[PDB]
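Peer 1: Here it is: the structure, laid out below.
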Amino acid sequence: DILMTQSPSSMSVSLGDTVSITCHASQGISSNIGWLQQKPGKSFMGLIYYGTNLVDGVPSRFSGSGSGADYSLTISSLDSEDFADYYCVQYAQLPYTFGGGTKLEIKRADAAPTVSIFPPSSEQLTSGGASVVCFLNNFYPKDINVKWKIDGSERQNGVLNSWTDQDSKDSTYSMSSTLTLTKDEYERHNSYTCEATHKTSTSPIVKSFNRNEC
Amino acid sequence: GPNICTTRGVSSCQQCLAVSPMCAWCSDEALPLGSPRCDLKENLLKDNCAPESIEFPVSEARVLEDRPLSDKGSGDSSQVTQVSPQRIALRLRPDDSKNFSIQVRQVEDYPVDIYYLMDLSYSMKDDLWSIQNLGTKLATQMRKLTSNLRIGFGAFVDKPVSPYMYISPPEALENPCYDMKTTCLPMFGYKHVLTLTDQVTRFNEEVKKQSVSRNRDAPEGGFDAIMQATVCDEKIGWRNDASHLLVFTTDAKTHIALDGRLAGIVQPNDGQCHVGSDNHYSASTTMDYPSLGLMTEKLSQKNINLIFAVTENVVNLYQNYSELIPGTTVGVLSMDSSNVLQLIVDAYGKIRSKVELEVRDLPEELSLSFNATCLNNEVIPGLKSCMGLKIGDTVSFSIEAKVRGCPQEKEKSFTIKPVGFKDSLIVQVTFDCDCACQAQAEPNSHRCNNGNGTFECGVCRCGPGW
Amino acid sequence: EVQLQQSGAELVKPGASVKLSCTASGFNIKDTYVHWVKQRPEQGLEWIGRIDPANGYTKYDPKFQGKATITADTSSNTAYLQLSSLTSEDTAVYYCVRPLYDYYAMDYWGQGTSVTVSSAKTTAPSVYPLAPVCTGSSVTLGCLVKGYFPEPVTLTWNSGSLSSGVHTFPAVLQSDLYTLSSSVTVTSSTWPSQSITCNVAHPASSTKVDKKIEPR
Amino acid sequence: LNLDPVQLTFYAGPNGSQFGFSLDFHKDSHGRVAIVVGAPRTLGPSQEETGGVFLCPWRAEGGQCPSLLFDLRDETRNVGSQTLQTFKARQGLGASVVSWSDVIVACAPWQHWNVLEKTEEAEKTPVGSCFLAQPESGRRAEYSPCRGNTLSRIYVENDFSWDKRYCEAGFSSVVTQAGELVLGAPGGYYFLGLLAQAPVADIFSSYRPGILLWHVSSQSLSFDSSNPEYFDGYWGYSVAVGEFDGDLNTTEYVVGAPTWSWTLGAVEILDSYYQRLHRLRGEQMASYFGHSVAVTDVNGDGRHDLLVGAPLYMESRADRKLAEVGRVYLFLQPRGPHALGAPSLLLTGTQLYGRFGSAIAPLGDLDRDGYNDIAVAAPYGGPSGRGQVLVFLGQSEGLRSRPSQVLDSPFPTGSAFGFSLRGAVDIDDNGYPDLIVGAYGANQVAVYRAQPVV
Ligand SMILES: *[C@@H]1O[C@H](CO)[C@@H](O[C@@H]2O[C@H](CO)[C@@H](O[C@@H]3O[C@H](CO[C@H]4O[C@H](CO)[C@@H](O)[C@H](O)[C@@H]4O)[C@@H](O)[C@H](O[C@H]4O[C@H](CO)[C@@H](O)[C@H](O)[C@@H]4O)[C@@H]3O)[C@H](O)[C@H]2NC(C)=O)[C@H](O)[C@H]1NC(C)=O
Ligand SMILES: *[C@@H]1O[C@H](CO)[C@@H](O[C@@H]2O[C@H](CO)[C@@H](O)[C@H](O)[C@H]2NC(C)=O)[C@H](O)[C@H]1NC(C)=O
Ligand SMILES: N=C(N)c1ccc(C2=NO[C@H](CN3CCN(CC(=O)O)CC3)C2)cc1
Ligand SMILES: *[C@@H]1O[C@H](CO)[C@@H](O)[C@H](O)[C@H]1NC(C)=O
Ligand SMILES: [Ca+2]
Ligand SMILES: [Ca+2]
Ligand SMILES: [Ca+2]
Ligand SMILES: [Ca+2]
Ligand SMILES: [Mn+2]
Ligand SMILES: [Mn+2]
Ligand SMILES: [Mn+2]
């Protein structure tokens, strides 16, 4: 099958910028390529077909180009609606194959996260479970690493992470990490820590608590 | 008493004969002043008119050539006589009429040419196998009717051009049946295979080497082949003195003139021969199919009897074309041509079962009428054609010619010929309107108003310019 | 106008079969090719196959040969995608696609049909309050919604009152069951001065529990 | 009656180009009238016949015309694991031309097409194609509704149903006043014949170069049939439009099928959904009844009348003999919803093989008496066989049975003078409608100007 290597995976840009998404095939496809758009939490809309032809209704600020095995999608002067996912698709050969995708994200100034740790609730402990929650809210850029430590030692089993899309107001990202243990195992230890590694600080942002102690 | 000859009060011998075929003119000098010179021949002699001075032509009809009808068409270098008499002299005075007869015989043991023109598209593959002995089988049965049989063979499919022809892949051009599990010949329009010959085993062995081709559309280009088989006299080999049978076999519809435009072909058919040394029709891809009227013209010109030997699924189609091409015969062909032998024999009998008179170069002022004597001495008035005849039968026609007035040219000749026959009757007509006394007229006679007139036939006529 | 209206979200068990539909709106389904595409967050987009509804002839990616069966009924102007012997990996969003002009293009897309294959029964969530530990100018509370099935759940604070400064994170599948959490930030003078409640509704089991956040 | 046969205007194309095979009047966005001329054997780039089109400005002296350029290069697209192929060699571009608004439609009925997939193929066949041009803007578009991508094996399994591979779309053509292009395809559905219709605006907006296979959703094609009466009927050999159902909002189609029902021939009137409103059957087999169709109101009652040509009709003559001369049939439309009866008038040629009725052109009102008139071509008629065009005038009861004027060919033998005709347009703006006559055998077009009646 024809492999469609689409680059970049994502880009941080601003309104009015002129950006370019590229798509490389494993062989020549002679402009038999289409470009797609998927706005957040919605279906797909066709942008380009046969390499350069605009789909009816698409603004002219979109444009496609390229030949052989290398093609490009260009957006002159980005609009607030243009921040979405973009995919290439070849139809030179069956089966049709798609590019990995490209997400246009809003660029802004860097911002450190606001960490907050939360011990297990009384209700959950009485049921036989124990979940330590660690919120990491309003940071930029999106790249972040969370590390759970039990009595200073790293813990990787039983961690459940969740990320939000770029916020509509401040264009920041947030993360929720949840370490779930049994009640019996949660009481074998005292210290519980989540470390946040972000590019806004060489030192990891640490937040922790001690069981029983408050 | 007085009659139309006298009561008309004519002025000359020429005007007297123009009154009625019964009038006569007396050119005698010793004739009373009150006695008319234009009267019945009986009345002139009654009035002491000199018998030598009486001008009274009589319409007659005498034979010049009267060869006897031949009992056999065999032998001879075509000294066979089918029409008797062959030439007569006809004399007519103004508004008169004379009658004559003509005999026509369907002579026994007359030579026959049979050119077998065969559809060789793919559905005729079984038909080729069944006629591999037709040449000898046909020779046996035709031997009972003639001792001079010649037979030939031609074949057609359709115009070798898209869309009639498959043109992809390249293999399909060399072998149109490639996408099946067989081989067939490349497509061909029309090809002459065997010139008319009396060596009937040549027919068998050529047929055994023939094979079918394959084209795309059900109508085929047989009308292209009928035209070429008709107008390529020397190549097909039609003999001058013989019955010409063109046996056209097919199981499909046929292309007609103006169909060629679906192949980008718009040039009309020129009705000329385009089969060269390679024996293929070279204008197949550049010239349109011929029209029915153009086919009819060439078939009649070359005395070709076209036989539509077609299958039951298209017998009504060709019966309807046959009515638009007079003289054409239709027979029902089996799906493998296994019955084509009897079809040809029955068609040959049907072809020679009719005599139909035809007139050529008849002058405008002459009109003819016919009475036919077919079967056993039964006269049929107002008819110039017999039917239901057998070989060796003889019919006759009584003919009467009626001239209107007197034409300018005093000598013309026309022909009475049966359709498809070689011989004919030539009628040499002479219009006797003048008087012999006019050849000895006296211009500027001193008997006519002091040289102001001309004295001819015993009367004075106004000279030229008056 | 060309619109492709697909069926609603399906919720089935492994080993069973499901048949999605794609109804043409504003045009004849017989006009063009109709493709089916599979989308997953990790694996991305994948082409299942196509059908010409004018004749029923189909093409498939050999990866889906066996599970995917594409059909069409020109009468109801609908094209179908049947999936058999369902597996957890068949949990994806499925789109029907047709071209605009180019015979081979992929221009018009339906809204998509969500499919979820699971053995989980209808389980109600367990709502837990998240209060901080025993200082600053800003305070942050939380609410943990754990062990519910199927999706979705609506989470608010003080019955939609407190809306600004809230982060409700997407649900995550934890052993055939879903887990969700939400955070909220206000000033120190607001809490525990003013009561803050976590309202969680799960219409699947028809439960609307509410937990008030209490300090430690 | 009042066409000038003394001072003609001659336009000429290249030798052997068949310049004048088809023609039409063309008005630009400013109303200036030109002559579009098809030359279906014009040489292309590879020194091979591909056809061509010429747009002749109006000049009393005539002369040479500039070319209306179209892409003549064969195309190849490797898409969908298939290979699409167009073949323009001997396509006959210009075998039909028609003008509507400021757009010219020139068609190549014998453009071939094929689709390769591994070792299989669709078969290389003449689907035909039409080229559309807006000369003032340079806009170009194409329309080839019979191109497909079904492999040959499938057609065999389904007994060649809906087989459009040999359409030859553009064999005949016409455009409704609303701008709907109607193509005759006499080879459609395995030589039954079909019609393809699509708005000109949608052809332009949906076309892109290099696609080769694209959808025109607003297009409409006629239907296949299993009735053997239609087999090999060449339905769409000729086409025309008019108003025959009394509903001015609907446009009716007139279709010639000259070999319909075992070469009896037929002409049919349909609504825009290809539903049959009337059928006129041929009088005589092989006469090619339906070779040409013309629509015009000749008797001044406001109702369109129908003229059908059967150029191969054989007239009955003395001694049970037939003479191919050709014949034209006039059908007057009755008042209100009623069937077209027998012909109101039969016009029969005189010259043997002259093909009277090969072309029929509405002239508009030539002598300005209130009745529309026609010209009938006999491309091989006249006492010399060089060709004749005969003008028949309208009257309250239809047409005059004798011609008001006869135009003898000014070209040598074989010019096919009259094979193409077009009238009803005032090219010199003198208030009288004029006549253009093609003579593709001589590669020339003759313009006859109408003058005040004498
Ligand atoms: C070869 O040539 C023959 C002769 O022309 C064709 O046969 C004719 O075909 C036409 C059309 O199919 C027939 O027309 C129909 O005639 C009927 C009345 O005919 C009666 O009288 C004849 C006398 O011989 C009888 O043979 C016959 O059986 C009948 O008893 C009408 O009833 C028909 O009217 C219906 O159809 C027409 C159109 O088809 C409609 O307009 C009418 O409203 C009505 O619905 C029709 O008029 C004709 O009768 C046939 N003649 C003969 C002698 O059979 C062949 O078709 C032709 N074949 C080929 C392959 O070319
Ligand atoms: C054809 O036969 C008719 C008989 O029906 C002939 O007409 C008669 O000919 C005789 C000849 O003696 C006349 O006496 C009759 O007056 C004719 N009767 C008519 C004309 O009604 C006719 O002469 C024959 N013609 C030829 C050329 O043989
Ligand atoms: N749209 C339709 N209803 C329709 C009408 C007519 C046909 C055919 N009419 O004829 C062809 C059959 N072909 C003819 C040539 N045959 C080979 C040969 O004779 O060489 C082989 C068989 C098929 C098909 C569909
Ligand atoms: C002309 O007719 C008469 C009257 O029947 C007949 O006696 C005579 O033989 C005919 N003449 C010829 C030459 O047949
Ligand atoms: Ca109407
Ligand atoms: Ca009228
Ligand atoms: Ca007039
Ligand atoms: Ca004028
Ligand atoms: Mn055949
Ligand atoms: Mn057979
Ligand atoms: Mn054929």
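Sequence positions for chain B are given in Swiss-Prot numbering; the residues included correspond to 27-492, in order.
When the header is checked for method, it gives X-ray crystallography, 2.3 Å.
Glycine is treated like the rest: Cβ placed from N, Cα and C.
Feature annotation from Swiss-Prot assigns domain 'PSI' to B:30-76. Annotation source Swiss-Prot lists domain 'VWFA' at B:135-377. Residues or ranges marked as Mg(2+) binding site in Swiss-Prot (evidence: experimental evidence): B:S147, B:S149, B:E246. What Swiss-Prot lists as Ca(2+) 1 binding site is B:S149, B:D152, B:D153, B:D277, B:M361, and the listing cites experimental evidence. Look at Swiss-Prot and you will find B:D184, B:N241, B:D243, B:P245, B:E246, B:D277 tagged as Ca(2+) 2 binding site. Annotation source Swiss-Prot lists region 'CX3CL1-binding' at B:293-313, citing experimental evidence.
Burial and contacts for the listed features, if you can.
Peer 2: A sphere of 10 angstroms centred on the C-beta of B:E246 (Mg(2+) binding site) encloses 24 other C-beta atoms.
Neighbour list (B:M361 (Ca(2+) 1 binding site), Cβ cut-off 8 Å, at least 6 residues apart, same chain): B:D152, B:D277, B:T337.
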Peer 1: Whole-number Å only: compute the distance from the Cα of B:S147 (Mg(2+) binding site) to the Cα of B:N241 (Ca(2+) 2 binding site).
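Peer 2: Taking the Cα atoms only, B:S147 (Mg(2+) binding site) lies 7 Å from B:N241 (Ca(2+) 2 binding site).
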Peer 1: Give me the count of other Cβ atoms within 10 A of the Cβ belonging to B:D277 (Ca(2+) 1 binding site).
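Peer 2: Its Cβ has 21 other Cβ atoms within 10 Å.
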Peer 1: Given the recorded Ca(2+) 1 site (B:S149, B:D152, B:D153, B:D277, B:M361), which additional residues of the same chain have their Cβ within 8 Å of the Cβ centre, ordered by sequence?
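Peer 2: In sequence order, the nearby non-listed residues are B:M150, B:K151, B:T337, B:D362, B:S363.
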Peer 1: Quick one: of B:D243, B:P245, B:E246, B:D277, which binding-site residues have a CB closer than 8 A to some CB in chain D?
Peer 2: B:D243, B:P245
Peer 1: So around the Mg(2+) site, B:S147, B:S149, B:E246 aside, which residues have their CB within 8 A of the centroid of those CB atoms?
Peer 2: B:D145, B:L146, B:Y148, B:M150, B:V183, B:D184, B:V238, B:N241, B:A244, B:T276, B:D277, B:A278
Peer 1: I need the neighbours of the Ca(2+) 2 site defined by B:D184, B:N241, B:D243, B:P245, B:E246, B:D277. Which other residues of that chain put their C-beta within 8 angstroms of the C-beta centroid, in sequence order?
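Peer 2: Apart from B:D184, B:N241, B:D243, B:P245, B:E246, B:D277, the close residues are B:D145, B:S147, B:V183, B:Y190, B:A244, B:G247, B:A278, B:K279, B:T280, B:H281.
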Peer 1: Which has the fewest other CB atoms in a 10 Å radius around its CB: B:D184, B:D243, the listed binding-site residues?
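Peer 2: Taking B:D184, B:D243 as the binding-site residues, the minimal 10 Å Cβ count falls on B:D243.
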Peer 1: Which one, from the binding-site residues B:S147, B:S149, has the smallest tally of other C-beta atoms lying within 10 Å of its C-beta?
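Peer 2: B:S149, out of the binding-site residues B:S147, B:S149, has the fewest neighbouring Cβ atoms within 10 Å.
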Peer 1: Could you give me three numbers for the region 'CX3CL1-binding' (B:293-313), the DSSP helix, strand and coil residue counts?
Peer 2: 0 helix, 3 strand, 18 coil
Peer 1: Around the Cβ of B:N241 (Ca(2+) 2 binding site), how many other Cβ atoms lie within 10 Å? Please give the count over every shown protein chain.
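Peer 2: B:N241 (Ca(2+) 2 binding site): 22 neighbouring Cβ atoms within 10 Å.
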Peer 1: Let's check the environment of B:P245 (Ca(2+) 2 binding site): how many other CB atoms sit within 10 Å of its CB?
Peer 2: 23
Peer 1: Given the binding-site residues B:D152, B:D153, which one's Cβ is surrounded by the fewest other Cβ atoms within 10 Å?
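Peer 2: Comparing Cβ neighbours within 10 Å for the binding-site residues B:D152, B:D153, B:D152 has the fewest.
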Peer 1: May I ask you to report the DSSP-based helix, strand or coil state of B:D277 (Ca(2+) 1 binding site)?
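Peer 2: In the DSSP reduction, B:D277 (Ca(2+) 1 binding site) maps to coil.
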Peer 1: Specify the secondary structure state of B:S147 (Mg(2+) binding site) as given by DSSP, simplified to three classes.
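Peer 2: B:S147 (Mg(2+) binding site) sits in coil per DSSP, no helix or strand.
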